[PDB]
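for now just these chains, pulled out of the complex without moving them:
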Amino acid sequence: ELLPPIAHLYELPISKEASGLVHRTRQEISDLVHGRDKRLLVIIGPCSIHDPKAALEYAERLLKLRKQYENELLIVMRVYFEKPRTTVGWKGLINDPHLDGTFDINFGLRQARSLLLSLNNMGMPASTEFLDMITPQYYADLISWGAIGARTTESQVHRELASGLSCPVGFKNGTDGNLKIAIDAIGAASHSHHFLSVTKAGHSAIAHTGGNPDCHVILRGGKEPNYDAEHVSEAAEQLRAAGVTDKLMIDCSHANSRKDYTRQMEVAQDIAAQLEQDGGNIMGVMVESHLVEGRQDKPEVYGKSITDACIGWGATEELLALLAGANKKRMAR
Amino acid sequence: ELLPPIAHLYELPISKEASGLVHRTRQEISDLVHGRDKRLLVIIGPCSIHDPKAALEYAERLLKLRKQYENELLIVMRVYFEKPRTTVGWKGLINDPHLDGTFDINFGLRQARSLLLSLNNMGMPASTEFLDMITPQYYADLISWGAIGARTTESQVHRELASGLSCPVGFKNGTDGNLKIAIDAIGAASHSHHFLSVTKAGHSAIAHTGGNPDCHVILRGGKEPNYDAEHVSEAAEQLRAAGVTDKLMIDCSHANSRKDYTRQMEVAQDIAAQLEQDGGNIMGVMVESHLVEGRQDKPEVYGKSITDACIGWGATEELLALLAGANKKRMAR
Amino acid sequence: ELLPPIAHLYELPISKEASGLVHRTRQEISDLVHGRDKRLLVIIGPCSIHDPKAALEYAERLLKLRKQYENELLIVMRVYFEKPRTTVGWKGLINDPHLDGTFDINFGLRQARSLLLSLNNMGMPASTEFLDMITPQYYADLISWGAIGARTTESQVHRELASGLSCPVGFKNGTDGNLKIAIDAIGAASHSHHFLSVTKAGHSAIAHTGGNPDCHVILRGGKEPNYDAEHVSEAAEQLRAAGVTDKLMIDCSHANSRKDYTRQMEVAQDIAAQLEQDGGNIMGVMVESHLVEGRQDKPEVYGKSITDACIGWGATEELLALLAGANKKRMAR
């Protein structure tokens, strides 16, 4: 028996501070997407959330660096509640919050909203992948930036979803490296759509969306990595050719690090060098980071991923300083 | 206001006869999927349905051939109501039945159910692509076989949907030719899932599915076609290695015809030649066919696709006679 | 499952003509309630509807009289779908349309709406008792005048319901003859209320009504009858003292006929005399009339009541000619 969004909205209404932070962070990201500001968006944090307490501890550390580098970097935390599996597997905190096959979705939605509210209230904006068609009504008001995953960028129902979101949306290139699907996605999501959706009261209805003018692509590797200057330039030419923004984000993880978390730093160094030389088509970066590096099958060690391996806190400080220094020079030209 | 499925079900209850046809067609198709019967499933008809009159005229002609070829072929009509676009475009009869950007979804769902009930009552089983998450509750009881399209095979929400459908489901390979995503899809949709869905009364709820044991892959081309014997053999080996059915379906259209409707017949000739020689991994074929060949942007010509170009009626007779003759020989061995 | 009102509204939308007739008739009745017009409202027809066909035949007869007497009388048909029982029994057409304890409420609501639409389309306006809190959303758009029964006039939920209806409403005095509860009810229903109701989509919600300015009392007997000049005079004085309309309706049936249908004419004759002498505080009369007089336990005879006994068609013509002649004289002064 599924509680509707209005139940959770009643227990956890958005605060004045959260609402202000979300509104302005979305505006600020739009500025980067359209080349009006030259700060780098940094979407950074765990591959997935499985423990809100560790998430809050992580966020308080990250908040210090968000503040420190606010003139060069726009730091937003990865707060991912839904995970696309290759076949089957744990789908994330919403689907199965007790991490044990009980699928307590009401609890998971409450936890997701409570965490997001707390994050925004402390001054840390949040990002997530929007995978499910129905869950966004429960928490999209607390999200400053959304992703559509590699496995769903080509999907018309996800392009519809994005078209109705009030935050900027990044579209990842396909799992084998297809960029055109993400360019096409921006085209689709930027227009108005009519489709079936579910209201805050829990009832199906006809949605009519206005289109989302703040979509961009995310380069996340394919059969080969696609983060280097040659790839960026080629993606930018294809973006201009379709008449959509040629400012893009680069994912340091997934198929760009080839699932070796230690190579996220190499990718970030390549990005730093691009920003120093020129790097005019880059508006942001994505990084898989947690309190503790690596991964584990079971949630035994605190602050360590149970999905993709992440860099730890120490590498995270180094990586953020690197990008901030590199971007300060880009902004000086 | 969106009418819930129960409103349409009340006006258009499934009949004894339609219900019997669906049940036995589903079972017959299962038998093909699991290699218990050597008839060839043929999913044939329009790229998209834009005019119920032409649909029922098509059905009337096809029904004769379904019956003529019943010992060699299991003929099921393509009755596709939901169309994935590259970027933007008409998304099908459900989404915009008046073809004029009025998006009269209540009318569209009603007409879709009506057509499907009329088709089944006349003895023609129906197949469709399940693209949307909420629309299936309105008509899935009238569907004998379902496709998940190339653009959504990798999508976890579509694999979830398939896991709860009561008909067999074909998963298409990805738009650039990736077959592994479809094999992964069978493994995912065979399992139980828990996810958010909408009930027949129009309210969101937690769905718990039991898995769909009758999924298979569809070879529909990528950067290159993949219909030939080598590709079929290569796919069957991959299917066996993943522990799933090695009986598959071949699409004569889309990327296998290089989007050229006149090349569907070449593909079918190649399949016929495989069936004559051996062809033991082939359980089905797909064909885009309409009263009149080609395509048009505006619905000016009766019985002519407004989406992908189709072969015409006479070409349809030739293609079905070719496959039935070739499969008669395969079954006789 | 209960279909929501929107299902029925979709199948039986109100026509231009029915809409006009309801609007006009409500306005015309308001004028009577407020003494702007001295025609006599006549709420006439069956105790209860149990057969649509006979109801439409009855309406076709009554229409000729409605037209013949239009300058003196404003004739509106009783089309009562909801029956309040003393302890238990058949609660009317909506609750149990097949008259056999199957409680097929979806069918009953559909049939009630269909009958009302047909009545209005033929030029016959309709009245009913609003007993249930949920059923009115299904058909109130087709009702020109409503009653709150003797057994529910004191009920706060019924007074709230009346406050949100767009038609004039009559409140009957209580079953032992208490008139103050109906005076009290006009007061309550003329005010705005907040309470829980159900939407046209079938979902509970908070209703905020604006009050119904067109309510009045109905004298329907108690322990003793209350139709005479003395009683009318007493009620008018009490009405003025409460600051509400002193124009009232008199029921010729129920406790004013001592539950004996052959006494309705006697009551009508008394009223006729009052109209002739003065009768300034009478705005209307109610009469239980059917094709065939009396009642029956089973629905064996066509056009004969299965609830309270009614006068038959011959007596109906006499009663109406009587009231028209008497009111023509009132109106000439």
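Done, it's in. Numbering: from 1, shown residues only, chains lettered A, B, ... in the order given.

residues from the stretch 151-300 of chain A in reach of chain B?
Neighbours of chain B within the stretch 151-300 of chain A, by Cβ under 8 Å from any Cβ of the partner chain: A:151-152, A:154-158, A:174-176, A:178, A:181, A:184, A:187-188, A:191, A:194-198, A:202-206, A:208. Just so you know, the C-beta spots here come from the backbone N, C-alpha and C atoms, and that holds for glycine as well.

try it again with 7 Å
Residues of the stretch 151-300 of chain A lying near chain B by Cβ under 7 Å from any Cβ of the partner chain: A:151-152, A:154-157, A:175-176, A:178, A:184, A:187-188, A:191, A:194, A:196, A:198, A:202-206.

pull out the buried members of the residues you listed.
Buried residues within these, defined by neighbour count using 16 or more other Cβ atoms under 10 Å in any protein chain shown: A:151-152, A:154-157, A:175-176, A:178, A:184, A:187-188, A:194, A:196, A:198, A:202-205.

which of those residues are close to chain C?
The subset of these within reach of chain C, by Cβ under 7 Å from any Cβ, is residue A:203.

among the buried ones among the residues of the stretch 151-300 of chain A next to chain B, which lie within strands?
Using DSSP state E, A:194, A:196, A:198, A:204, A:205 are the members of these that sit in strands.

looking at those, which two lie furthest apart in space?
A:194 and A:198 (14.9 Å; Cβ to Cβ).

what lies in contact with stretch A:201-209?
With contacts defined as Cβ atoms under 7 Å, 6 or more residues apart in numbering or on different chains, stretch A:201-209 is touched by A:2, A:4, A:6, A:163-164, A:192-199, B:2, B:4, B:105, B:134, B:198, B:202-204, C:201, C:203.

name the nearest residue to residue A:9, sequence neighbours excluded.
residue A:200 (6.8 Å; Cβ to Cβ, 6 or more residues apart in numbering or on different chains).

confirm the one you found sits in a helix?
No. Counting by DSSP: H, G, I helix; E, B strand; the rest coil, one finds residue A:200 to be coil, located in no helix.

next, count neighbours for it.
13 (other Cβ atoms under 10 Å in any protein chain shown).

what are the buried residues along whatever helix or strand residue A:9 lives in?
Using DSSP states H and E, the element containing residue A:9 is helix A:5-11. Going by neighbour count (16+ other Cβ under 10 Å), the buried part of helix A:5-11 is A:5, A:7, A:8, A:9.

for stretch A:8-23, same thing?
A:8, A:9, A:12, A:14, A:18, A:21, A:22.

for residue A:199, what are its contacts?
Taking Cβ under 7 Å, 6+ apart, we find residue A:199 in contact with residue A:205.

would you map the helices across the stretch 201-333 of chain A?
A:229-242, A:264-277, A:313-332 (DSSP state H, counting those that start in this stretch).

same question, the stretch 1-150 of chain A
Under DSSP H, counting those that start in this stretch, the stretch 1-150 of chain A gives helices at A:5-11, A:16-33, A:52-68, A:105-122.

need the ones you listed in CSV with distance to residue C:51, can you?
Shown next, in CSV, are the helices of the stretch 1-150 of chain A (distance: least, Cβ to Cβ, whole Å):
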stretch, distance to residue C:51
helix A:5-11, 44
helix A:16-33, 60
helix A:52-68, 64
helix A:105-122, 49
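
kindly incorporate the sequence below as chain D:
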Amino acid sequence: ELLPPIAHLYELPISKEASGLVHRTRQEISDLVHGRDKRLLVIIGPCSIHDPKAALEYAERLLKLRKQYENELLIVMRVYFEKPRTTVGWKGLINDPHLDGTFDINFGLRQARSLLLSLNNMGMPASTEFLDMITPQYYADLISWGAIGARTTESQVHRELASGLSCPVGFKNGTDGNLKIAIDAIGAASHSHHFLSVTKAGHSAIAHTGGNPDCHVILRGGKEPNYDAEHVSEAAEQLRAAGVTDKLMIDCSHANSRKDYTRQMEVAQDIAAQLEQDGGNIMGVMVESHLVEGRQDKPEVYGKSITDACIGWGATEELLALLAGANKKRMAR
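Just below you will find chain D, in place on the chains above:
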């Protein structure tokens, strides 16, 4: 937007202790309704609840006496959240919890459930008048005894409601003294009914109830008081003639005390005298009591009624000692 009952049930689930108390108390009352136990039910407490804190303080005091008198009296608190008005006014803590015309019904339902859970958790069972058709789903699980008020005992929708409640229900006699309507109500409520209702999820549905076997009448005065032995003997006779339970309850307040709240003591003395002579048909009494006696138009004094005037705490001790003492004697015969 109205939160459905499931939202409140999620925040405030019934505890094991509260569940057991309600279950046990309903059964205990049933035993008194059907003559299996001769303890006297005493429904005692405020006319209406307007301040949860005072209500809990009152309950802590009453609890001590509930335990002290448990062999003679079965004490259950009046926790009335819905108030029927003569015309207009404050309809209770649910309809307008802030006592200022803001009608914050979401808040009021939450506060009502919270108070009820806390009462049950401390060991005090609770009673209320069920006036509205929709609100009971929010808190009926915490109610051990229910009333249908004098203004609604004749109403078929209230009899329907009663037929589906899982607690015993008392039907009050009519405002002018009519006892037959309450006897008819028991008859009606003991039967199965079909009717439209709203589910815990906030959606309209067809309810099919099983009948309520534990209903009884309440004597609360009329044109004349009806608390004495002669009226009780006449009531019992009429009950036996209708074939329903001849055990009844006597309200010491309302039209039995008329314009003197202190007269509840006289009524109680009369009842004590009946219990001492014989008093075999009395199974309960009702008393309006609060921390501080009297009433006020505005909620200025802590623990003093804002609707009907109540006896104060010292008089409450006195009235309960009186009844316990008298009933101890009846029980010893």
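
the buried residues of stretch A:8-23 with chain D there, same question as before?
A:8, A:9, A:10, A:11, A:12, A:14, A:18, A:21, A:22.

next one: stretch A:54-65
By 16+ other Cβ under 10 Å, the buried positions in stretch A:54-65 come out as A:54, A:55, A:58, A:59, A:62, A:63, A:65.

wait, the last one sits on residue A:73?
No. Residue A:65 lies out of contact with residue A:73 (Cβ atoms under 7 Å); the separation is 8.1 Å.

common neighbours of those two, please.
With Cβ under 7 Å, 6+ apart as the test, residue A:65 and residue A:73 both reach residue A:320.

my read: residue A:155 touches residue B:152, true?
Yes. Contact criterion Cβ under 7 Å: residue A:155 and residue B:152 qualify, at 5.0 Å.

any residue of the helix holding residue A:9 up close to chain D?
Yes. Contact of helix A:5-11 with chain D (Cβ under 7 Å from any Cβ) involves A:6, A:7, A:10, A:11.

and that helix, what does it pack against?
With contacts taken as 3 or more Cβ pairs under 7 Å, 6 or more residues apart in numbering or on different chains; DSSP states H and E, helix A:5-11 sits against helix A:105-122, helix D:5-11.

got the contact list for it?
A:109-110, A:113, A:137-138, A:200-201, D:1, D:3, D:7, D:10-11, D:106.

now a PyMOL select for only the buried ones of these.
Applying 16+ other Cβ under 10 Å to the contacts of helix A:5-11, the buried members can be selected in PyMOL as follows:
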select buried, (chain A and resi 109+110+113+137+138+201) or (chain D and resi 1+3+7+10+11+106)
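
show me what counts as buried in stretch A:87-94.
A:87, A:88, A:90, A:91, A:92, A:93, A:94.

which ones are touching the last one?
Read that as residue A:94. A:81, A:82, A:105, A:108, A:109, A:112, A:135.

export stretch A:43-57 as CSV, just CAs?
Only the C-alpha atoms of stretch A:43-57 are listed here, as CSV (Å, rounded to 0.1, in the frame of the first residue of the first chain):
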residue,chain,number,x,y,z
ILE,A,43,28.9,16.3,-9.4
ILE,A,44,30.7,14.2,-6.8
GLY,A,45,30.0,11.5,-4.2
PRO,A,46,29.0,7.9,-3.7
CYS,A,47,28.0,5.6,-6.6
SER,A,48,25.0,4.9,-4.5
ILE,A,49,23.5,5.9,-1.1
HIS,A,50,23.0,2.9,1.2
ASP,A,51,23.5,4.6,4.6
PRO,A,52,22.2,8.1,5.2
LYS,A,53,24.4,8.7,8.2
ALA,A,54,27.6,8.2,6.3
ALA,A,55,26.1,10.3,3.6
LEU,A,56,25.6,13.2,6.0
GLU,A,57,29.1,12.9,7.3
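
that one close to chain B?
No. Interface with chain B: stretch A:43-57 contributes nothing (Cβ under 7 Å from any Cβ), its closest point being 13.9 Å away.

by neighbour count, which of the contacts of residue A:94 wins?
Most surrounded of the contacts of residue A:94: other Cβ under 10 Å gives residue A:81, at 29 neighbours.

who's in contact with that one?
A:49, A:92, A:93, A:94, A:112, A:128.
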